[PDB]
Ligand code: HEM
Ligand SMILES: OC[C@H]1O[C@H](O[C@H]2O[C@H](CO)[C@@H](O)[C@H](O)[C@H]2O)[C@H](O)[C@@H](O)[C@@H]1O
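Residue numbers (our numbering): 3 to 155.
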C-alpha cells in the first residue's frame, strides 16, 4: 500500500508525461524492444519492425503507445483503487496476448528508464521509488487476477 506522498510523487512525474504521451510512448517501446527483443514477438502487428528507425516511424506503434500509457495513467490516478480497470486488462493479457509477469517487469523497467532520462527534475530517488512501488502494486494485482483467470503468467 502506497502512502499519499508516494502517490503524489507518481502523479507529479506523470503530469510531465502527459505533456506529450505519444513521444514518451515511443521512447518506452524503443527502450523495451531493444533491452528485451523477445517482447516484440508478442505483437503480431509490430513484430516485423527491424530497427529503431522503423519503430520511430510507425504511426500505429505510436498510437498503441498512447493507448498503453493512457490505460496505465488511468490506473495510477486511481491510487490503488484500480479493480475495475484491471479486470479487462488482465483478461486480454492473460487469455489473448499471453503476457507473462516477467514481461510486465520489463516494460516497468523501460518506463522507469525513460522517466529517469527525460525527467530528472521530477524523478529523483524518492520519486523513482514511489513509481516502482506503484508499478509493483500493479503487477502484483495483475498476477492475482491472472491466477483467477487460469493463466500462469
Ligand atoms: C504497463 C503495462 C501495460 C499496459 C497498461 C497495457 C495496456 C494495453 C492496452 C490498453 C491494450 C489495448 C486493449 C487490450 O487489448 O487490452 C493493450 C494491447 C496489447 N498489449 Fe498491452 N499493456 C501493457 C503491457 C504489455 C506488454 C509488456 C506487452 C508485450 C510484451 C503487451 C502486449 C500487448 C499486445 C500484444 C496487445 C495488442 C496490440 C495490438 O492491438 O495489436 N502489453 N495493452
Ligand atoms: O525490484 C526488483 C525485483 O523486481 C521484481 O520483483 C518485484 O515484482 C514482482 C512482481 O513483478 C514481485 O513478485 C516481487 O515480490 C517484487 O519484489 C523481480 O521479480 C525481482 O527478481 C527483482 O529483484
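We treat Cβ as the ideally placed atom computed from N, Cα and C, and that holds for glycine.
Look at residue 25 here: in three-state DSSP terms it is helix. For residue 91, the distance from the CB to the nearest heavy atom of ligand 1 is below 8 Å. Residue 11 and residue 84 have their C-alpha atoms spaced approximately 18 Å apart. Those residues that have a beta carbon less than 7 Å away from any non-hydrogen atom of ligand 2 are, in order along the chain, 103, 106, 107, 134, 138, 141, 142 and 145. When secondary structure is reduced to three states using DSSP, residue 75 falls in the helix class. The C-alpha of residue 37 lies about 30 Å from the C-alpha of residue 150. By the Cβ criterion, the segment 134-141 is in contact with the segment 100-114, since at least three pairs of Cβ atoms, one from each stretch, lie closer than 8 Å. Between the segment 13-28 and the segment 65-84 there are three or more C-beta pairs closer than 8 Å, enough to call the two in contact.
Contact fails between the segment 44-61 and the segment 71-87, because fewer than three Cβ pairs, one in each stretch, are under 8 Å apart.
Excluding the 5 residues flanking it on each side, residue 19 has same chain C-beta neighbours closer than 6 Å at 26, in chain order. The Cβ atoms of residue 81 and residue 4 sit closer than 9 Å to each other. The beta carbon of residue 93 lies closer than 7 Å to those of 151 in the same chain, with the five residues before and after it left out.
For the pair residue 43 and residue 51, the Cα-to-Cα distance works out to about 10 Å.
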